[PDB]
Amino acid sequence: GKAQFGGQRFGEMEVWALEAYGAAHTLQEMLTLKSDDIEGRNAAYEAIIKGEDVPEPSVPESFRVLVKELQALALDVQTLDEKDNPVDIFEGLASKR
Amino acid sequence: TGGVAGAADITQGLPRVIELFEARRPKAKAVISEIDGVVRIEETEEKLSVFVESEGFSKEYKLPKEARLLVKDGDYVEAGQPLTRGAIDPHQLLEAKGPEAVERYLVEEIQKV
Amino acid sequence: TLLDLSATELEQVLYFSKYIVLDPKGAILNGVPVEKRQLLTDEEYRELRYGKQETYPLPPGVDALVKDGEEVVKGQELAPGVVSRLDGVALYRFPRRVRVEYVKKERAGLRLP
Amino acid sequence: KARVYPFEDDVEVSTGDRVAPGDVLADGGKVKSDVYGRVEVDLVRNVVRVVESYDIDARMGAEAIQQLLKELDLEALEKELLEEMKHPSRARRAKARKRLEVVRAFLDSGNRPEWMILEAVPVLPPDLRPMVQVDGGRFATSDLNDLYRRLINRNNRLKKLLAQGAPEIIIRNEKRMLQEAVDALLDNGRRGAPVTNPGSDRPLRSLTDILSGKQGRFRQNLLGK
Amino acid sequence: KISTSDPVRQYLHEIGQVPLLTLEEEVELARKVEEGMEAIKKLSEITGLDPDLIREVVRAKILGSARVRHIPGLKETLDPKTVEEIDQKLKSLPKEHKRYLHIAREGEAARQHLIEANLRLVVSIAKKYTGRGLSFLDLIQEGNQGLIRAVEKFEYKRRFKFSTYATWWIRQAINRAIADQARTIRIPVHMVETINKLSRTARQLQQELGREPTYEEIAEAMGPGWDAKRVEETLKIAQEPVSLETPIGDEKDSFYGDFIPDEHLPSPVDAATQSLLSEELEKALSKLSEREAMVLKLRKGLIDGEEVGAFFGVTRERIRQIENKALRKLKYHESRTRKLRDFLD
Amino acid sequence: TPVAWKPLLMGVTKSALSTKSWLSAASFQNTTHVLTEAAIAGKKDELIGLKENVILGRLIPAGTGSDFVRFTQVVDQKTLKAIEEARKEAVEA
Ligand SMILES: [Mg+2]
Ligand SMILES: [Mg+2]
Ligand SMILES: [Mg+2]
Ligand SMILES: [Mg+2]
Ligand SMILES: [Mg+2]
Ligand SMILES: [Mg+2]
Ligand SMILES: [Mg+2]
Ligand SMILES: [Mg+2]
Ligand SMILES: [Mg+2]
Ligand SMILES: [Mg+2]
Ligand SMILES: [Mg+2]
Ligand SMILES: [Mg+2]
Ligand SMILES: [Mg+2]
Ligand SMILES: [Mg+2]
Ligand SMILES: [Mg+2]
Ligand SMILES: [Mg+2]
Ligand SMILES: [Mg+2]
Ligand SMILES: [Mg+2]
Ligand SMILES: [Mg+2]
Ligand SMILES: [Mg+2]
Ligand SMILES: [Mg+2]
Ligand SMILES: [Mg+2]
Ligand SMILES: [Mg+2]
Ligand SMILES: [Mg+2]
Ligand SMILES: [Mg+2]
Ligand SMILES: [Mg+2]
Ligand SMILES: [Mg+2]
Ligand SMILES: [Mg+2]
Ligand SMILES: [Mg+2]
Ligand SMILES: [Mg+2]
Ligand SMILES: [Mg+2]
Ligand SMILES: [Mg+2]
Ligand SMILES: [Mg+2]
Ligand SMILES: [Mg+2]
Ligand SMILES: [Mg+2]
Ligand SMILES: [Mg+2]
Ligand SMILES: [Mg+2]
Ligand SMILES: [Mg+2]
Ligand SMILES: [Mg+2]
Ligand SMILES: [Mg+2]
Ligand SMILES: [Mg+2]
Ligand SMILES: [Mg+2]
Ligand SMILES: [Mg+2]
Ligand SMILES: [Mg+2]
Ligand SMILES: [Mg+2]
Ligand SMILES: [Mg+2]
Ligand SMILES: [Mg+2]
Ligand SMILES: [Mg+2]
Ligand SMILES: [Mg+2]
Ligand SMILES: [Mg+2]
Ligand SMILES: [Mg+2]
Ligand SMILES: [Mg+2]
Ligand SMILES: [Mg+2]
Ligand SMILES: [Mg+2]
Ligand SMILES: [Mg+2]
Ligand SMILES: [Mg+2]
Ligand SMILES: [Mg+2]
Ligand SMILES: [Mg+2]
Ligand SMILES: [Mg+2]
Ligand SMILES: [Mg+2]
Ligand SMILES: [Mg+2]
Ligand SMILES: [Mg+2]
Ligand SMILES: [Mg+2]
Ligand SMILES: [Mg+2]
Ligand SMILES: [Mg+2]
Ligand SMILES: [Mg+2]
Ligand SMILES: [Mg+2]
Ligand SMILES: [Mg+2]
Ligand SMILES: [Mg+2]
Ligand SMILES: [Mg+2]
Ligand SMILES: [Mg+2]
Ligand SMILES: [Mg+2]
Ligand SMILES: [Mg+2]
Ligand SMILES: [Mg+2]
Ligand SMILES: [Mg+2]
Ligand SMILES: [Mg+2]
Ligand SMILES: [Mg+2]
Ligand SMILES: [Mg+2]
Ligand SMILES: [Mg+2]
Ligand SMILES: [Mg+2]
Ligand SMILES: [Mg+2]
Ligand SMILES: [Mg+2]
Ligand SMILES: [Mg+2]
């Protein structure tokens with residue numbers, strides 16, 4: 001807006017470009033650390049600050065926003081394990097009380 | 001591709017590449033030969049007709065006025081061979097000569113553009 | 001689909017408005033047995049749960065129809081088409097018994113407390 | 001049918017009435033004695049009015065479907081359609097094959113079908129349906145909240161309508177609105193389109209419009225970030 | 001199909017089949033409703049059971065089976081056994097009290113009947129409180145809840161009929177509804193009328209100036225305690241909100257919520273802040289006296305913002321003593337090894 | 001129980017319009033239907049393919065995220081002798 005420049009858009013056409021390359025992490029980054037991973041970008045900066053080689057991406061808020069919008073409708077979207085069992089995206093905020 | 005008018009037979013450029021990836025019914029279809037045998041043609045006024053037959057059986061093919069025929073009274077026509085001039089529907093070639101055929105038709109028909 | 005109901009219209013019918021579907025059992029008839037999964041209208045439904053026919057026809061003046069009706073109303077089983085005799089023709093066209101209500105000035109006999 | 005002097009026969013529990021003293025019948029609303037099932041009472045002459053219609057389960061609305069859905073043993077309908085599938089001609093067997101599709105997956109793996117009926121509406125998070133201070137004092141909230149209020153008001157007015165006393169027409173009337181409402185948050189426009197009051201004849205984005213939409217969720221989950 | 005028509009037809013049809021006669025039918029029903037009351041109460045008297053209990057059991061027997069008790073009100077009255085027990089004592093009531101039982105039900109029915117018949121009355125009424133911000137069906141429904149309210153208080157002894165009576169009891173229910181639900185951010189009835197008066201006043205002011213009144217006129221014309229700050233405030237509350245989801249700029253595909261920034265969330269800059277700040281504040285906190293440093297560290301950084309109430313047993317003199325002496329040695333050595341100077345804020 | 005089939009040819013649009021993972025199908029056909037069905041049936045989207053696995057913000061199935069190389073370790077001959085010494089130490093008493 002006013003004084004902070006606002007990020008550039010990473011379009012599908014651009015995603016594929018990376019998809020085509022073996023840019024695995026570089027694409028994850030663009031989808032996590034750089035734009036939607038709330039907890040990720042934070043630990044990301046700080047890590048960079050302490051000269052820490054950036055951390056491994058946490059779940060993107062795009063994902064979490066989705067699951068919940070999806071929960072808003074009857075549907076239940078639950079991630080699973082090696083063996084079909086739960087795993088947790090919403091780090092500790094969904095269990096109750 | 002093309003526009004309904006007199007006799008516009010094929011489809012060029014991207015329009016075609018769309019008609020190809022998406023299995024579609026060409027503007028000017030070309031009736032393929034479901035049977036591999038020999039050719040026979042007829043005279044009467046309204047509609048033409050090409051018949052493919054083997055010692056086993058024969059099949060009648062309705063070729064209206066606009067259809068310019070590539071085959072002649074006399075020789076063999078493999079399954080899924082062009083018996084009309086122009087475009088071919090992949091589904092039909094699939095059924096007739098097989099997938100191996102369609103697959104090979106699709107690729108080459110695409111590169112043509 | 002899963003529930004064999006009119007896939008698209010029996011739903012719309014009972015869902016948003018009052019068109020009833022007899023769920024388990026309903027002994028009394030429409031003319032035929034209880035419709036296990038069939039649906040019916042308010043009207044006919046109404047005719048059921050309270051009693052076959054409702055007819056409230058209330059007389060114009062105080063002495064003409066108030067007498068015709070009263071004489072034959074209290075204990076007398078009134079057959080269908082009971083032709084009450086005074087304004088026009090008070091027509092009671094249905095079943096079993098009858099219950100009249102008030103009585104002004106003419107003659108008082110056999111009425112309630 | 002009006003009975004004046006009913007008598008006592010104790011095979012089944014005493015039906016109807018006694019001469020004049022004992023009256024076992026229910027008062028004058030709902031009472032099932034024999035095949036005839038309603039009983040009105042006129043203490044004038046001993047007159048036990050006994051209407052004839054009987055216990056007919058009549059329902060409309062998700063109530064009726066909820067029931068229907070619980071009662072079904074998919075296994076039965078699975079085997080029933082199996083036979084209907086291969087044996088009769090193409091007309092009713094074709095319908096049965098499309099109807100066996102859904103029933104199979106239900107049973108196969110995943111979850112069972114009584115859940116399609118809604119009696120507990122999940123509410124989307126709060127910060128996801130903000131209420132924000134804009135300019136001058138203008139505020140800004142996700143369209144979802146006008147829809148949520150819709151349902152809550154209706155749901156409440158329903159409860160209080162049941163409690164206060166219940167004239168049929170009005171209760172359905174509401175239950176209708178209620179239904180419609182439950183659609184609104186989930187998906188708007190499939191059946192009519194809800195509007196914020198005179199200002200914008202705009203479909204309040206439904207949770208659906210959120211996921212799909214002109215520019216929705218999985219949608220812009222791929223346009224870019 | 002479309003929802004207004006169906007209900008309109010729905011009750012209009014039933015009124016069409018059962019309007020209530022001017023005097024007779026309304027009198028009749030009325031009389032029965034009251035006798036119900038007198039009945040239920042006298043039933044309460046002889047059974048020791050609360051008139052609320054007597055009321056709900058006669059309701060179940062006349063309005064609906066176990067089905068209506070179980071889903072509407074969760075479960076405290078056993079669907080079968082409970083209500084039945086209650087009906088049994090009602091039967092036991094000899095000739096004298098049994099009469100009240102029989103009356104109560106019949107009265108309960110009549111009630112519903114009167115309510116059914118006077119539904120056109122509501123809709124005719126509710127018809128005019130249309131454009132207030134409530135859906136016609138919502139409006140009729142509240143108004144309906146209003147007519148039921150009237151039914152509870154009408155005294156047939158006092159000759160006036162239910163028409164004029166329902167009118168009031170309905171108009172009150174509607175107006176309330178309009179004031180309680182119409183807005184996203186609730187506004188009390190007084191503020192409401194307040195807003196109407198403000199509007200109306202702005203109307204008479206538009207009448208001649210040719211100048212949409214500065215908030216000067218509105219104050220004057222309004223009355224006793226009206227001032228500019230008051231009017232600017234009310235109309236600020238009068239503006240309903242805006243749709244967070246609204247077409248923005250070239251309406252092509254713009255949605256208003258992607259543009260608002262976020263405040264609680266520590267933009268990276270702040271997470272780095274709390275990292276060094278806490279690590280350096282934690283280093284200083286250790287190599288010190290835990291007597292008055294932790295006191296002011298915990299009293300200030302752990303709970304809430306009390307010199308005296310700050311230190312445990314040791315009075316104020318040792319507080320100010322170590323507070324100001326340790327706080328300055330800490331500051332002056334931090335002046336040496338400049339780490340804090342560059343105001344983290 | 002011979003499963004007799006018939007080779008079918010469908011358009012690139014449709015080929016994708018209907019596929020294993022509903023995730024991918026939710027992305028372009030009818031998010032509305034795609035889900036409805038994927039739901040009813042209790043669909044376990046095994047993530048393979050980049051579209052579906054990108055929405056997750058998960059590493060891509062194709063590329064350096066290859067099950068063939070996701071796991072590979074490196075060594076210095078110095079750390080090689082160090083680990084075997086750890087094994088030598090395993091000899092008890
Ligand atoms: Mg953490
Ligand atoms: Mg991180
Ligand atoms: Mg470093
Ligand atoms: Mg480290
Ligand atoms: Mg992590
Ligand atoms: Mg879900
Ligand atoms: Mg042309
Ligand atoms: Mg032309
Ligand atoms: Mg032509
Ligand atoms: Mg075609
Ligand atoms: Mg010839
Ligand atoms: Mg010929
Ligand atoms: Mg030709
Ligand atoms: Mg040849
Ligand atoms: Mg050629
Ligand atoms: Mg084949
Ligand atoms: Mg073949
Ligand atoms: Mg071949
Ligand atoms: Mg083949
Ligand atoms: Mg070929
Ligand atoms: Mg059907
Ligand atoms: Mg049909
Ligand atoms: Mg059907
Ligand atoms: Mg309908
Ligand atoms: Mg049935
Ligand atoms: Mg009905
Ligand atoms: Mg006689
Ligand atoms: Mg008739
Ligand atoms: Mg008299
Ligand atoms: Mg006798
Ligand atoms: Mg026996
Ligand atoms: Mg069956
Ligand atoms: Mg059959
Ligand atoms: Mg069918
Ligand atoms: Mg349902
Ligand atoms: Mg301001
Ligand atoms: Mg609203
Ligand atoms: Mg009714
Ligand atoms: Mg009705
Ligand atoms: Mg609409
Ligand atoms: Mg509308
Ligand atoms: Mg509206
Ligand atoms: Mg609104
Ligand atoms: Mg409106
Ligand atoms: Mg839409
Ligand atoms: Mg949409
Ligand atoms: Mg009394
Ligand atoms: Mg006593
Ligand atoms: Mg409870
Ligand atoms: Mg208790
Ligand atoms: Mg029972
Ligand atoms: Mg029972
Ligand atoms: Mg007494
Ligand atoms: Mg108006
Ligand atoms: Mg008036
Ligand atoms: Mg104003
Ligand atoms: Mg005025
Ligand atoms: Mg203004
Ligand atoms: Mg703009
Ligand atoms: Mg931030
Ligand atoms: Mg530290
Ligand atoms: Mg130190
Ligand atoms: Mg210590
Ligand atoms: Mg120390
Ligand atoms: Mg130290
Ligand atoms: Mg301190
Ligand atoms: Mg402290
Ligand atoms: Mg405090
Ligand atoms: Mg202490
Ligand atoms: Mg000192
Ligand atoms: Mg000193
Ligand atoms: Mg010091
Ligand atoms: Mg300086
Ligand atoms: Mg398309
Ligand atoms: Mg399509
Ligand atoms: Mg797409
Ligand atoms: Mg839709
Ligand atoms: Mg599917
Ligand atoms: Mg790796
Ligand atoms: Mg190594
Ligand atoms: Mg050792
Ligand atoms: Mg040794
Ligand atoms: Mg040794």
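Order of the sequence lines sets the chain letters (A, B, ...), proteins ahead of strands, with each chain counted from 1. Below, all heavy atoms of this structure are taken into account, side chains as well, without hydrogens, waters or symmetry copies.
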Would you indicate whether A/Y21, at its atom OH, is surrounded by more than 12 heavy atoms from other residues, nucleotides or ligands within a distance under 6.0 Å? no
Looking at every heavy atom in both F/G11 and B/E22, which two are closest together, and how far apart are they? C-OE1, 2.9 Å
All heavy atoms of B/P90 vs all of B/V102, minimum pair found to be O-CG1, 2.9 Å
Which heavy atom of B/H91 sits nearest to which heavy atom of B/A23, and what is that distance? CE1-CB, 3.2 Å
Can you establish whether the number of heavy atoms outside A/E56 located under 6.0 Å from its atom CD is more than 12? no
Mind listing the closest non-hydrogen atom pair of E/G133 and D/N197 along with its distance? O-ND2, 3.5 Å
So how far is it from F/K44 NZ to F/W22 CH2, rounded to the nearest 0.5 Å? 9.0 Å
Nearest heavy-atom neighbours spanning E/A271 and A/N42: CB-OD1, 4.0 Å
Please step through side-chain contact (heavy atoms from CB on, under 4.5 Å) for the pair A/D76 and D/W115, ending with a clear verdict. CA-CA 11 Å; A/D76 115 58; D/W115 318 153; over 6 Å; no
Closer than 3.5 angstrom, by distance alone: can the side chain of A/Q71 be matched with the main-chain N or O of A/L75 as a donor-acceptor pair? no
Is A/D36 salt-bridged to A/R64, going by a charged N under 4.0 Å from an acidic O? no
Does the side chain of B/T11 come under 3.5 Å of the side chain of B/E19 through a donor N or O and an acceptor N or O? yes
Do E/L244 and D/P130 come within less than 4.5 Å of each other through their side chains, counting heavy atoms only? yes
For the side chain of F/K20 and the backbone of F/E46, is there at least one donor-acceptor N/O pair under 3.5 Å apart? yes
Quick check against the 3.5 Å criterion: does A/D88 have a side-chain atom that pairs as donor or acceptor with the backbone of A/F90? yes
Any side-chain donor-acceptor pair under 3.5 Å between D/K225 and A/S62? yes
Is F/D45 reaching over with its side chain to a backbone N or O of F/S21, donor-acceptor style, under 3.5 angstrom? no
Are any of the side-chain heavy atoms of E/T246 and D/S200 separated by less than 4.5 Å? no
Assess whether side-chain contact (heavy atoms from CB on, under 4.5 Å) is satisfied between E/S254 and E/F259, documenting all intermediate values. CA-CA 10 Å; E/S254 191; E/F259 305 143; 3.7 Å; yes
So does D/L186 get a backbone contact from the side chain of D/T208, meaning a donor-acceptor N/O pair under 3.5 Å? yes
Between the side chains of D/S206 and D/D209, does any donor sit under 3.5 Å from an acceptor? yes
Steps toward side-chain contact (heavy atoms from CB on, under 4.5 Å) verdict (A/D37, A/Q28): CA-CA 10 Å; A/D37 190 344; A/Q28 181 161 46; over 6 Å; no
Nearest-0.5 Å distance that lies between atom CG in A/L70 and atom CZ in A/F63: 10.0 Å
Give a yes or no on whether D/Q133 atom CD has more than 12 heavy-atom contacts from other residues, nucleotides or ligands under 6.0 Å away. yes
Shortest non-hydrogen contact from B/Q12 toward B/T1: N-CG2, 3.9 Å
Could you check whether atom CZ of D/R97 has more than 12 heavy atoms from other residues, nucleotides or ligands sitting under 6.0 Å from it? no
Euclidean distance, F/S66 OG relative to F/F71 CZ, rounded to 0.5 Å: 8.5 Å
Just checking D/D127: does its CG atom have more than 12 heavy atoms from other residues, nucleotides or ligands closer to it than 6.0 angstrom? no
Main-chain N/O of D/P194 paired with D/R202 side-chain donor or acceptor, under 3.5 Å: no
Do D/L151 and D/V121 make a side-chain contact, defined as non-hydrogen atoms from C-beta onward lying under 4.5 Å apart? yes
Yes or no on salt bridge (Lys or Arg N to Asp or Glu O under 4.0 Å) for D/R154 and D/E180, after CA distance, side-chain angles and deciding distance? CA-CA 10 Å; D/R154 308 294 178 75; D/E180 166 291 306; 3.6 Å; yes
Would you check if the side chain of F/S27 reaches a backbone N or O of F/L23 as a donor-acceptor pair within less than 3.5 Å? no
Can E/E245 and D/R205 be counted as an ion pair, charged N to O under 4.0 angstrom? no
Contact check, side chains of F/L56 and F/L47, non-hydrogen atoms, under 4.5 Å: yes
Electrostatic pair A/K34-A/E29, nearest N-O below 4.0 angstrom: yes
Short question: side chain of D/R217, backbone of A/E69 - any donor-acceptor pair under 3.5 Å? no
Is the count of non-hydrogen atoms from other residues, nucleotides or ligands lying under 6.0 Å from F/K43 atom NZ greater than 12? yes
A/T79 side chain vs A/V87 backbone, donor-acceptor pair below 3.5 Å: yes
Enclosure of B/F21 CZ (heavy-atom neighbours >12, cutoff 6.0 Å): no
Rounded distance (nearest 0.5 Å) linking atom CG of D/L204 with atom OG of E/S243: 6.5 Å
Suppose the criterion is side chain to side chain donor-acceptor pair (under 3.5 Å): which pairs have a residue in residues 2-17 of chain A, not counting sequence neighbours? none
Can you tell if the side chain of D/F106 reaches within under 4.5 Å of the side chain of D/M116, non-hydrogen atoms only? yes
Taking NZ in D/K98 as the centre, count heavy atoms belonging to other residues, nucleotides or ligands within less than 6.0 Å. Is the count above 12? no
side-chain contact (heavy atoms from CB on, under 4.5 Å) between A/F10 and A/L18, worked out: CA-CA 11 Å; A/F10 218 80; A/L18 280 61; 3.5 Å; yes
Distance from F/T32 atom OG1 to D/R190 atom CZ, nearest 0.5 Å? 6.0 Å
Rounded to the nearest 0.5 Å, how far apart are CG of D/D183 and CZ of D/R150? 10.5 Å
Salt bridge present between D/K214 and E/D253 (N-O < 4.0 angstrom): no
Do the non-hydrogen side-chain atoms of F/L35 and D/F218 ever get within less than 4.5 Å of each other? yes
Can you confirm whether D/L72 sits close enough to C/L2 that some side-chain heavy atom of one is under 4.5 Å from a side-chain heavy atom of the other? yes
Distance-only donor-acceptor check, side chains C/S17 and D/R176, under 3.5 Å: yes
Yes or no on salt bridge (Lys or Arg N to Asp or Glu O under 4.0 Å) for A/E19 and F/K51, after CA distance, side-chain angles and deciding distance? CA-CA 10 Å; A/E19 290 195 32; F/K51 220 47 57 208; 2.8 Å; yes
May I have the step-by-step check of salt bridge (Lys or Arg N to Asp or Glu O under 4.0 Å) for B/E109 and B/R16, ending in yes or no? CA-CA 9 Å; B/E109 182 57 291; B/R16 151 140 233 90; 3.3 Å; yes
If you define the side chain from C-beta out and look only at heavy atoms, does anything of D/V123 sit under 4.5 Å from D/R129? yes
Using atom types as modelled and distance alone, determine if a side-chain donor or acceptor of F/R58 lies under 3.5 Å from a backbone N or O of F/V54. no
